[PDB]
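Protein chains in written order, with the working numbering: chain A, -14 to 346; chain B, 1239 to 1619. We treat Cβ as the ideally placed atom computed from N, Cα and C, and that holds for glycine.
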């Protein structure tokens, strides 16, 4: 069985975290974002996975080469001269998706997280014998999205209604697909948007069906979404496997601690905090609603709330971090420094207070 | 006699202000008036006939400088060499490190100048003034109101000897300031503070103590400290003015339309550029190699790097366009020109694509960025 993952570009809207490592290599809740659905593709026994990137893969070849043996999965890249809309990258990778058996392959977006119930979707496919499958999630705001007007009896879609002034539905696409090999011929050589041109082509044929997502949905297109998207992930973890979240007298809520990370005494961590591996947490700290990446050491008596800590950084003693403060890789915050939303560039020594939201270079 | 020259370079922690440009090219190699920053000090070292080896020191990676140094010695025929101080000790400890390599040819006097300095460089005049003054080592008249930038410096104008020096605590000044040449005895003065007294700053424990002792001595042109990426324009005009006093034929002086655009003085045009006669290239503009200039475009008070694409009817005022950047048609990139304000000079990163009609007024754009909407008074990551 095959699979394809739409990455896109480098992650321009996720800087300064994507200034060095590309978009799919950012550690989200300890693990890089690409590993959250690659291991899910191993739950359905997928051997080969292709990435529809637009930049040069020369920078991430060492990372993808280390995941092929650990996860026992074939990982190959495809680079397009230009990203042809939404369905274009699929026309180029059709050669790596056809093994000859004519089995449906999965199409995933890198900007989406969910519970990924991929196993019970094949049975939802091998029951009625449909041709194409997408996943659908309910939203409170259907006007800001493209609404899918399906019937509440079987799951067939009919039309695409973007920005409905009146109520025609609340169900939108979730960015996860399930396509038979019989669809890779309906695309043209011209850049076509799968949401605007290709999907309506199969909806009018009534040869598709839809499934509802019984989980959380989040479109991560900005660095501030990492603290609230980590809530939806850790919440689902309290349901899926509650023993994967650390607990203790200094732990409150849902906290994901790594086996490599070390915590001092007299700290208070939570809720919704994720500490990467190789970190060094000193004593007297107070973490809340933040995420800590690899190798960064936070000194004693620091108070960090709802912020994002880069790789191999250093928070000085008695330093206060709050209000969506975004730090790059290797940023050294002096002691007694206050930051109120400072989006800082990597390789920077902070010796002054960012008392108000400010971009530091 | 024999003269050696040592230029300070600094590492990636000093060029942390030129960030949009520093990511592609370090601070010392950034083209000022068409040539890299350190390319003007090196050009002044050739006028000393008794000068030989040249030394560039700093904790940068030698891989970046090896390619550049190979091209300088092909022009002026001077032995330039880069040395990476593995243990950076600011300034004084920087040159005491590998003092053997510098004094390898027994030079009588050693030149020491900094990277971020924009003066006239009268190296042959100060060398002979030092030979007459003697002592170990050897200013510019500024207004007394301009004293927060430096501090206090006292020098008796009769012997031109430094009577007193405080780096930052001024406590009354004398209108004179440092600008950034010694004898061979300077290495012994560092041993008496590194070995005898025992991270050593040159202008704190070497310059200040040598006050009453008649060993430290003392422009008549221009000087501008350039640690700011915005200052890269105000100083660029002085170098162009220096290239407009001396040898102007190196400066573009079209002043017409015989397939040559309308050049409005103080313009350096590289021969590898592509131009259109309908463009007006105004004052204080330095164009680099392999750039495609569109028609009817206006270029004043700006510097353009290599591989830039300027489209139909573009306007560039008080700007610094990065490498491989693309300026769309009818798009405008302007700024106030205030060299004191952070956003007074709009700076564009490497391979930034300003789309058609998009306007950028006094803002800083990072490298590899696409702009479909106009921005104003912001810092775009």
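Backbone CA spacing between residue i and residue j [nearest angstrom]
| i | j | result |
| --- | --- | --- |
| residue 222 of chain A | residue 22 of chain A | 15 Å |
| residue 84 of chain A | residue 33 of chain A | 10 Å |
| residue 91 of chain A | residue 35 of chain A | 10 Å |
| residue 128 of chain A | residue 154 of chain A | 9 Å |
| residue 124 of chain A | residue 133 of chain A | 11 Å |
| residue 1624 of chain B | residue 1455 of chain B | No answer is possible for residue 1624 of chain B: the residues shown for chain B start at 1239 and end at 1619. |
| residue 294 of chain A | residue 24 of chain A | 25 Å |
| residue 130 of chain A | residue 148 of chain A | 6 Å |
| residue 138 of chain A | residue 198 of chain A | 16 Å |
| residue 1531 of chain B | residue 1307 of chain B | 29 Å |
| residue 1337 of chain B | residue 65 of chain A | 54 Å |
| residue 1495 of chain B | residue 1519 of chain B | 12 Å |
| residue 1477 of chain B | residue 1358 of chain B | 8 Å |
| residue 286 of chain A | residue 1616 of chain B | 34 Å |
| residue 340 of chain A | residue 290 of chain A | 15 Å |
| residue 230 of chain A | residue 325 of chain A | 29 Å |
| residue 1278 of chain B | residue 16 of chain A | 50 Å |
| residue 194 of chain A | residue 104 of chain A | 17 Å |
| residue 1463 of chain B | residue 41 of chain A | 40 Å |
| residue 78 of chain A | residue -9 of chain A | 11 Å |
| residue 1253 of chain B | residue 274 of chain A | 34 Å |
| residue 1315 of chain B | residue 1425 of chain B | 28 Å |
| residue 1302 of chain B | residue 1556 of chain B | 29 Å |
Residue range of the unbroken alpha helix (DSSP H) whose run includes residue i
| i | result |
| --- | --- |
| residue 106 of chain A | 104 to 110 |
| residue 1338 of chain B | 1337 to 1340 |
| residue 1430 of chain B | 1424 to 1432 |
| residue 1334 of chain B | 1330 to 1334 |
| residue 1312 of chain B | 1300 to 1314 |
| residue 1597 of chain B | First-last for residue 1597 of chain B: 1597 to 1599, but that is the beta strand (DSSP E), not the alpha helix (DSSP H). |
| residue 1670 of chain B | The question about residue 1670 of chain B has no answer here: the residues shown for chain B are numbered 1239 through 1619. |
| residue 1347 of chain B | Element bounds for residue 1347 of chain B: not the alpha helix (DSSP H) but the beta strand (DSSP E), 1347 to 1351. |
| residue 55 of chain A | 46 to 55 |
| residue 1437 of chain B | Per DSSP, residue 1437 of chain B belongs to no alpha helix (DSSP H) and is neither H nor E. |
Three-state secondary structure assigned by DSSP to residue i
| i | result |
| --- | --- |
| residue 1278 of chain B | helix |
| residue 17 of chain A | strand |
| residue 212 of chain A | helix |
| residue 1477 of chain B | helix |
| residue 1564 of chain B | strand |
| residue 1402 of chain B | strand |
| residue 73 of chain A | helix |
| residue 348 of chain A | There is simply no residue 348 of chain A to check, as chain A begins at -14 and stops at 346 in what is shown. |
| residue 1262 of chain B | coil |
| residue 1582 of chain B | helix |
| residue 9 of chain A | helix |
| residue 310 of chain A | coil |
| residue 1358 of chain B | coil |
| residue 190 of chain A | coil |
| residue 122 of chain A | strand |
| residue 86 of chain A | coil |
| residue 1364 of chain B | helix |
| residue 1540 of chain B | strand |
| residue 1371 of chain B | helix |
| residue 1286 of chain B | coil |
Enclosing beta strand (DSSP E) for residue i [first to last residue]
| i | result |
| --- | --- |
| residue 1220 of chain B | The structure shown has nothing for residue 1220 of chain B, since chain B only spans 1239 to 1619. |
| residue -12 of chain A | -12 to -7 |
| residue 181 of chain A | From DSSP, residue 181 of chain A is part of no beta strand (DSSP E); its letter is neither H nor E. |
| residue 63 of chain A | 59 to 64 |
Beta-carbon neighbours of residue i, restricted to chain A and to distances below 8 Å
| i | result |
| --- | --- |
| residue 1466 of chain B | Those do not exist, as residue 1466 of chain B stays about 12 Å from chain A at its closest Cβ, beyond 8 Å. |
| residue 1607 of chain B | -3 |
Residue i: contacting residues in chain A (beta-carbon distance under 7 Å)
| i | result |
| --- | --- |
| residue 1252 of chain B | Per Cβ cutoff of 7 Å: no residues; residue 1252 of chain B is ~12 Å from chain A at best. |
Beta-carbon neighbours of residue i, restricted to chain B and to distances below 7 Å
| i | result |
| --- | --- |
| residue 346 of chain A | 1257 |
Amino acids of chain B, ordered along the chain, whose beta-carbon sits closer than 8 Å to that of residue i
| i | result |
| --- | --- |
| residue 0 of chain A | 1604 and 1619 |
- Query: According to a CB-to-CB cut-off of less than 9 Å, which residues of the region 326 to 338 of chain A neighbour chain B?
  - Reply: 328, 330, 332, 333 and 334
- Task: For the region 1557 to 1577 of chain B, enumerate the residues whose C-beta is nearer than 7 Å to any C-beta of chain A, in chain order.
- Result: none
- Please list the residues of the region 278 to 303 of chain A that have a C-beta atom closer than 9 Å to any C-beta atom in chain B, keeping them in chain order. none
- Query: Any residues in the region 1461 to 1489 of chain B with a beta carbon nearer than 9 Å to a beta carbon of chain A? Which ones, in chain order?
  - Reply: none
- Message: For the region 1372 to 1396 of chain B, list every residue whose C-beta sits within 9 Å of some C-beta in chain A, in sequence order.
- Response: none
- Message: Can you pull out the residues from the region 307 to 321 of chain A whose beta carbon lies closer than 8 Å to at least one beta carbon of chain B?
- Response: none
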